[PDB]
Amino acid sequence: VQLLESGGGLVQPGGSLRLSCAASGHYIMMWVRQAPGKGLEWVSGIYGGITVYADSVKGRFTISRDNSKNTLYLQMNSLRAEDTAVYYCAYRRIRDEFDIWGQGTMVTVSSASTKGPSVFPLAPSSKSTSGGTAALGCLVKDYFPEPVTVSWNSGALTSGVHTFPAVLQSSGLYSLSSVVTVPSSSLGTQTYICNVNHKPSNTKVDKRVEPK
Amino acid sequence: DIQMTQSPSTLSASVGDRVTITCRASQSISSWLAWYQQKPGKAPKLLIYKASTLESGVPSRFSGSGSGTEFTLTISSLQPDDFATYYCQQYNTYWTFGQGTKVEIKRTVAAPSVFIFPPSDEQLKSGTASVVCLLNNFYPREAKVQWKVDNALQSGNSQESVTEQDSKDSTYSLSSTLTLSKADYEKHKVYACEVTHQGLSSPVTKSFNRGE
Ligand SMILES: [Cl-]
């Protein structure tokens, strides 16, 4: 068995999408979703063609199947920010496998447009210098959509580097910082440059982070 | 209406340890309980169904026990592949998932090194000020960050982000970002980040004076 999912994408609030999950190779079929940072959430099922819904989506989503196409659908109307999630389909036996899961399709509900990040220095100073070690970094702010990547010194500095998971701001744009700890002794010797790439906007930025 | 609650929410363990996760139902679900494993970025994988039946191809170190309202997943000897998040699911009435239990790698206590970064003059020209507080390479994950602006405690104007456990040293790092308009930022002098953590015998504060 394989389940092939599609139909996920970016849509503005109030918009609609139709997800598909096509089987290859008795049933109960489910849709289950996972918002960023959150747990699994069952949202709809079809078992006669009996259909059921979670309270969170009832009245907005509709589950159906086309037996001739071996394909399960989820029609999603009146979408909201909180519907942003990865949507999985799962087939449950009613092979020796009890479950078959799809790989997921991403749904993003937002009116933001593609936008490259700002890149601001996080300069080392006495306020970021503890016992021979200094911290420095770059703040990669106000981009859409995910993802960005950050390197240091074009990949030459990897030790001590932490690039944080993005947060969604109330503006609807993403932000993250990337930081590195180095010897405070290296601050006048060695140069530190963050290399930021945001493929969706064709943005590639190099920023030198100079010590105070 | 069937609520599923797991305990603990996070468990810290070592390779070779025997580990137990509990799942409770708000009303009896008889033996209609499944356990899942999920890794970051991936569809969940079924481990156990009908409370105690091992799914095809799942390692024999996983086992499930219990019935009615109380269930247990046991991993007899933990392996590196097993650090992950685990979800129970009731399927008495539709599907409902528990909130997840994260199994992470135990190590010694390590206090965070704390660093504060004022906003760049460069950003201030944007009309916004981001003040960044970094907590680096600490364990365990639980920590508290308070922002204080001229000794006044702040709320609702910050966002946190945390890394996944480091693959070499098993620590976490955390960023907290305070965001203010330029005008609001210019009203105050002293900006401080106060950090509480098990490894610190008292809270650590890093601070600066705007412009100094
Ligand atoms: Cl659920």
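Letters A, B, ... are given to chains in the order of the sequence lines, protein chains preceding strands, and every chain is numbered from 1.
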Result block: side-chain N/O donor-acceptor pairs under 3.5 angstrom for residues 155-165 of chain A, not counting sequence neighbours:
| unit_1 | atom_1 | unit_2 | atom_2 | d |
| --- | --- | --- | --- | --- |
| A:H162 | NE2 | B:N137 | OD1 | 2.8 |
| A:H162 | NE2 | B:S173 | OG | 3.3 |
| A:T163 | OG1 | A:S178 | OG | 2.8 |

Nearest-0.5 Å distance that lies between atom CG in B:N136 and atom OG in A:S128: 11.0 Å

Measure distances from A:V119 to the heavy atoms of chain B and classify the residue's part below 4.5 Å as side chain, backbone, both or neither. backbone

If I measure from the heavy atoms of chain A, does B:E164 come under 4.5 Å with its side chain, its backbone, both, or neither? neither

With a 4.5 Å cut-off on side-chain heavy atoms, are A:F120 and B:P119 touching? no

Nearest heavy-atom contact between B:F115 and A:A134 is CE2-C, 4.4 Å

Pair B:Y91-A:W42, ring-ring contact (aromatic ring centres under 6.0 Å, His included): steps then yes or no: CA-CA 11 Å; B:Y91 61 92; A:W42 173 79; over 10 Å; no

Quick one: which of A:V179, A:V43, A:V52, A:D142 has the most heavy-atom pairs under 4.5 Å with chain B, could you say? A:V52

When rounded to the nearest 0.5 angstrom, what distance separates OG in A:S125 from CD1 in B:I116? 9.5 Å

Where do B:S130 and A:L139 come nearest, in terms of heavy atoms and distance? CB-CD2, 3.6 Å

For A:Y88 and B:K42 the tightest heavy-atom approach is OH-O, 3.5 Å

Using a cut-off of under 4.5 Å on heavy-atom pairs, state which of B:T179, B:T177, B:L174 scores highest against chain A. B:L174

Quick one: CD on A:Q34 to CD on B:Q38, what's the gap to the nearest 0.5 Å? 4.0 Å

Would you say the side-chain atoms of B:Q159 pair up with the backbone N or O of A:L168, donor to acceptor, closer than 3.5 Å? yes

A:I50 CD1: over 12 foreign heavy atoms closer than 6.0 Å: no

Residue A:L176 versus chain B: region with a heavy atom under 4.5 Å: neither

Given that the side chain runs from C-beta out, which part of A:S118 has a heavy atom under 4.5 Å from chain B: side chain, backbone, both or neither? neither

State whether a side-chain donor-acceptor pair under 3.5 Å links B:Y49 with A:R92. no

What do the steps show when you test B:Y94 against A:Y47 for side chain to side chain contact (heavy atoms under 4.5 Å, CB included), and what is the final call? CA-CA 10 Å; B:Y94 324 141; A:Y47 284 69; 4.0 Å; yes

If I take atom CZ from residue B:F97 and atom CG from residue A:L40, how far apart are they, to the nearest 0.5 angstrom? 5.0 Å

Between B:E55 (side chain) and A:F98 (backbone), is there a donor-acceptor pair under 3.5 Å? yes

What heavy-atom pair brings A:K38 and B:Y87 nearest, and what distance separates the two atoms? O-OH, 4.1 Å

Locate the shortest heavy-atom distance separating B:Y36 from A:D99; write the atom from each residue and the value. OH-OD2, 2.6 Å

Rounded to the nearest 0.5 Å, how far does NZ of A:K207 lie from CD of B:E122? 3.5 Å

